[PDB]
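Asker: Opening with a subset of the complex:
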Amino acid sequence: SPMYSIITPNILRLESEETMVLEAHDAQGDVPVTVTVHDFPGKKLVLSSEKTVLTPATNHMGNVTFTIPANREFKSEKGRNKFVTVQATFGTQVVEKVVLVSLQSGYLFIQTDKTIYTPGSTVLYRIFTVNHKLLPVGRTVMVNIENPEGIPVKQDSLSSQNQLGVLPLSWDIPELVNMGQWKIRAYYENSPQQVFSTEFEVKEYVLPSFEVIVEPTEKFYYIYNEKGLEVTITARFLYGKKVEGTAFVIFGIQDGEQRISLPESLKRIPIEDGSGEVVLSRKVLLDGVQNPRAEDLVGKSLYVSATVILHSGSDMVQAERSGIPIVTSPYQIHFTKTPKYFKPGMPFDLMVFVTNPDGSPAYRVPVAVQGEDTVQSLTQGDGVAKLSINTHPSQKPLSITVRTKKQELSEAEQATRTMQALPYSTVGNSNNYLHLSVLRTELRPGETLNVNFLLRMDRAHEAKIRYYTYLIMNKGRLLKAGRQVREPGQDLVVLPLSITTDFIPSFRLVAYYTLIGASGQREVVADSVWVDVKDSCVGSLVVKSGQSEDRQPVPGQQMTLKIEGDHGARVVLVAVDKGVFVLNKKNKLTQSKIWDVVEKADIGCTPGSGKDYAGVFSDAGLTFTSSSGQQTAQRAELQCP
């Protein structure tokens, strides 16, 4: 009997367009099907619309798009997990699979013009309302402002209808207010448990007149180095001029949450030409702490608290840099991107995330496997270095350790890491694999891609398979489905792919086929892969000055500035003096933060592959149910371990 397969996202979202790809294998003729959704438990009949018929001309393919209504029954309970039932009626065959339903229904981004506000001054913040697809949406937003001790002071109830997703709001701080770290928190009406927040502080400040940046030569301190830590002070006026003053430097060890100061490291270096340097002899660092041991200092950190004073004795600026690590190794190895399951007798990919000790990705550092060290590669601009190891067709797990092989360094300084990968497990030990080898480079929208489908099966069953089914995730929901044909005998099939601007920032690709094997038992083999895309705006907004002459405009003199953006869009602007950024540069907003939030809000957390087909689909964030009885695992936790 032909098998009917329904693929839906593993987590559903209220008030959103969620697709449900309907596919049938070996179907004969037109097979109409109506999809219905029922609450669990009970039967509340939330939605049973969007029925679709199937056609053999379109390879029995079809996707239904709808939106789960938001009712008080879902909002009645907010502290426990809730589920719904999706049921499909493939003619005379019935299939139904339960699925978890979350309460997230969009994102909130809070932009404040400044980051520090004096008492008695106004506050201007904008609330951005976007959905799971990062589009303007009309909802209801609650806004609250909380003082540092945790007491709401002002609450509102706005609506994003007719505002095109931008809600400008203002608030007036009383002239007599307890200073500290104020907080602004907002949440959607449907999901009061989901709280978004920003942080702005109230201070008794006056704007400075210059910026001080302390940049050590290397973002670390080698423990065995004899010269010691070197830090360079670069004091520059805000309006692009150099400083002639004097500076004070003090070095302290930051272990845990307790800061230990070094009285003997204080120096008075005269900054000249907007530059200066100061040394820290290793003897001072060793003797400052009680224990003269060396290895105990590993894991701690240093911080520089530089104070700069002009020769005129007018203004003082305190600039602090903290978090410089004390690590015996100038490099770090991470395996957050490498798949945890390989395929026996099949090429295996090893994405190594080589990064600087502070956390920033490294660049152009060689890496190599310990065994058969002839394999070498260099990290790209993103801090990821490709690797390739040939895997023997043995069911025994394989252990891989990688070690950087940069020259001019000893064997002790190179960072090491060890990883254990489990072999892919089939059904009935039929030795049926699928692998998907794909380019993983600094991909950009528009540039093409070449997915390499690599089937591996015995010649007795190489003719039953006649196609492939592949899906593309993006931001938690599907983006595109399709069938890639494969005539018998063609071992390798290439699938051209169009990476548009909608694939930002990381699309997860899955692929699977099906046939009858063993002694008449239906089975499925699947695969998944993780691909990165350049993090940039879906559109293109650029701000540039129209006036190309009359350098350094006089105050009070006009200029014209162009806004190059996509047509029909709404642009919000804000001009901020750089003094406040000198005195506070945290809790801002940028494209990187937005993409980090979107990536964090994903549904799967295993970069490709898995223990088995059910594991692969569960990790990829999809549930797969068949008419025959084949099914994936069960997901009942919002946050993966």
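Answerer: On my side now, so go ahead. Numbers count the residues shown, from 1 in each chain, chains lettered A, B, ... in the order given.
Asker: contacts, neighbours, all on C-alpha from now
Answerer: Fine.
Asker: quick one: contacts of the helix or strand containing residue A:155?
Answerer: Assessed by DSSP states H and E, residue A:155 sits inside strand A:152-159. Applying CA atoms under 8 Å, 6 or more residues apart in numbering, the external contacts of strand A:152-159 come out as A:138, A:139, A:140, A:141, A:142, A:143, A:144, A:145, A:146, A:147, A:167.
Asker: my read is the last one is in a helix, agree?
Answerer: No - if the criterion is DSSP: H, G, I helix; E, B strand; the rest coil, then residue A:167 is strand and not within a helix.
Asker: you'd agree it is up against residue A:136?
Answerer: No - Residue A:167 lies out of contact with residue A:136 (CA atoms under 8 Å); the separation is 11.4 Å.
Asker: What strands line up against the strand holding residue A:155, and which way round?
Answerer: Taking DSSP bridges as the criterion, strand A:152-159 forms sheet pairs with strand A:140-146 (antiparallel).
Asker: and the partner strand, how far out from the chain's middle?
Answerer: 26 Å (CA atoms, centre = their mean, to the nearest Å).
Asker: For stretch A:333-353, buried residues please.
Answerer: Using 16 or more other CA atoms under 10 Å as the test for burial, stretch A:333-353 gives A:333, A:337-344, A:346, A:348-353.
Asker: List just the nearest of those residues to residue A:492.
Answerer: Proximity to residue A:492 was ranked across the buried residues of stretch A:333-353 by CA to CA; first place goes to residue A:346, at 13.6 Å.
Asker: Please look at the closest one and residue A:394 and confirm they touch.
Answerer: No - contact criterion CA under 8 Å: residue A:346 and residue A:394 do not qualify, at 10.5 Å.
Asker: Domain-wise, how is chain A divided?
Answerer: A:1-106+A:601-632, A:107-207, A:208-329, A:330-431, A:432-536, A:537-600 (CATH domains of a matching chain).
Asker: For residue A:43, give its distance to residue A:271.
Answerer: Plainly put, residue A:43 is 76 Å away from residue A:271 if you go by CA to CA, to the nearest Å.
Asker: Just say helix, strand or coil for the closest residue in space to residue A:559 that isn't next to it in sequence.
Answerer: Nearest residue to residue A:559 in three dimensions, chain neighbours excluded: residue A:547, at 6.3 Å (CA to CA, 6 or more residues apart in numbering). Assigned with three-state DSSP, residue A:547 falls in the coil class.
Asker: just residue A:579 next, same as before
Answerer: helix.
Asker: could you also fit chain B onto it:
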Amino acid sequence: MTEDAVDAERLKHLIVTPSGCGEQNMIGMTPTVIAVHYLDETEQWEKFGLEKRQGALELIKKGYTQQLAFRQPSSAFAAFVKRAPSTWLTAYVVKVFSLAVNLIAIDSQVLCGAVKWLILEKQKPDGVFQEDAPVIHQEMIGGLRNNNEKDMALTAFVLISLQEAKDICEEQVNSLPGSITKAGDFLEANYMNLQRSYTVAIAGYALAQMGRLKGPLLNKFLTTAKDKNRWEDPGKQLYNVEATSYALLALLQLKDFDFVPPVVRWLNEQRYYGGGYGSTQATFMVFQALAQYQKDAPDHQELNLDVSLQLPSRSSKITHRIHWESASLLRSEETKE
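Answerer: Following on from the chains above, chain B is added here:
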């Protein structure tokens, strides 16, 4: 201030498929129905297994479809069509259908006809109910196996059966209040002379369901408890658990929260999971009582405050209300003087 419930880590055995005649059909489907009701009310399907719910629903749906064959043309039910209709079996059908109205499409006409058939000729004018067809196996009726005060307990059970389906067939049957009054008078007349805590508990539950269990009857009910934590009967402990479930349901109806927690703690202490011969009714109604502990579960909060302030300026006296949903609703007000 509410005792914990069963985690259902060993409740998977309650899924028994219907088989055989109507009696065996109901014996098989009773644990499954009561288990799915308990799981739905407790919202414990996450740990019990989400995929078994659809299978259990299909099981109960096809069992409900199959049992309709045994229905007599007079809207009556029995083990076999040839066999005479049984009053207790019909009351049990009423219980099951009124419990499963939310899960299966129960025919309202069938239940209304059954209730009318029971009222018109299956009861005495005084309200006493008579059993015109004993079931094949006496182990499933529960406390009616013993002949002592059998008619009184049967009358109390049928009174509960008719009182638990008030809104189902209120308009169709107009003689229901008369039967209710007759049964209540009959039960209250002979409540003191009861010697079995099973009969005492069932009579107390029936009388408290409509409010006639007051004064000396309530005092006798309270004193019926053994060591103030359990109900005891001669014989096996199954009758003790049944009487405890009777008392628990009666107390939940009476909304007396100072004595329920010991009862539910004791019931969980024995951990009566059911199974075996002559245990369908006891397991069914003990899980039913556990379910009635849920949904309408008493909670410690009684937040209905009405807060008002007398402003010295007297421009506007601010008044608000604090409730359970607004327990953490912090209110900030500022005065300049």
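Asker: Revisit the contacts of strand A:152-159 given that chain B is now included?
Answerer: Applying CA atoms under 8 Å, 6 or more residues apart in numbering or on different chains, the external contacts of strand A:152-159 come out as A:138-147, A:167, B:330-332.
Asker: Go through that strand and flag the buried ones.
Answerer: residue A:152 (16 or more other CA atoms under 10 Å in any protein chain shown).
Asker: Stretch B:255-262: end-to-end distance?
Answerer: By CA to CA, the extent of stretch B:255-262 from end to end equals 14 Å.
Asker: Check which residues of that stretch are buried.
Answerer: Buried residues in stretch B:255-262 (16+ other CA under 10 Å): B:260, B:261, B:262.
Asker: can you tell me which of those lies nearest to chain A?
Answerer: residue B:261 (24.1 Å; CA to the nearest CA).
Asker: So the closest one is in contact with residue B:4, correct?
Answerer: No - counting by CA under 8 Å, residue B:261 does not reach residue B:4; the two are 9.5 Å apart.
Asker: Pretty sure residue A:473 sits in a helix.
Answerer: No - counting by three-state DSSP, residue A:473 is not found in a helix; it is strand.
Asker: Might one say that it is in contact with residue A:504?
Answerer: No - the criterion here is CA under 8 Å, and residue A:473 misses it with residue A:504 at 10.7 Å.
Asker: mind exporting the strand holding residue A:155 as CSV, just the C-alpha atoms?
Answerer: Output in CSV follows, covering the C-alpha atoms of strand A:152-159 (Å, rounded to 0.1, in the frame of the first residue of the first chain):
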residue,chain,number,x,y,z
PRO,A,152,7.2,49.2,38.2
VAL,A,153,6.7,52.9,38.0
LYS,A,154,4.9,53.5,34.7
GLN,A,155,2.8,51.1,32.7
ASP,A,156,1.1,51.5,29.3
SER,A,157,-1.0,49.6,26.8
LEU,A,158,-0.3,50.4,23.2
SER,A,159,-1.5,49.0,19.8
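Asker: For chain B, which residues are neighbours of chain A?
Answerer: B:40, B:46, B:50, B:51, B:102, B:103, B:330, B:331, B:332 (CA under 8 Å from any CA of the partner chain).
Asker: tell me which of these is nearest to residue B:298?
Answerer: Closest approach between the residues of chain B next to chain A and residue B:298, by CA to CA: residue B:40, at 18.2 Å.
Asker: Can you tell me how far whichever residue of the stretch 151-300 of chain A sits closest to chain B is from residue B:333?
Answerer: Across the stretch 151-300 of chain A, the shortest distance to chain B (CA to the nearest CA) belongs to residue A:153, at 6.1 Å. Separation of residue A:153 from residue B:333 (CA to CA): 8 Å.
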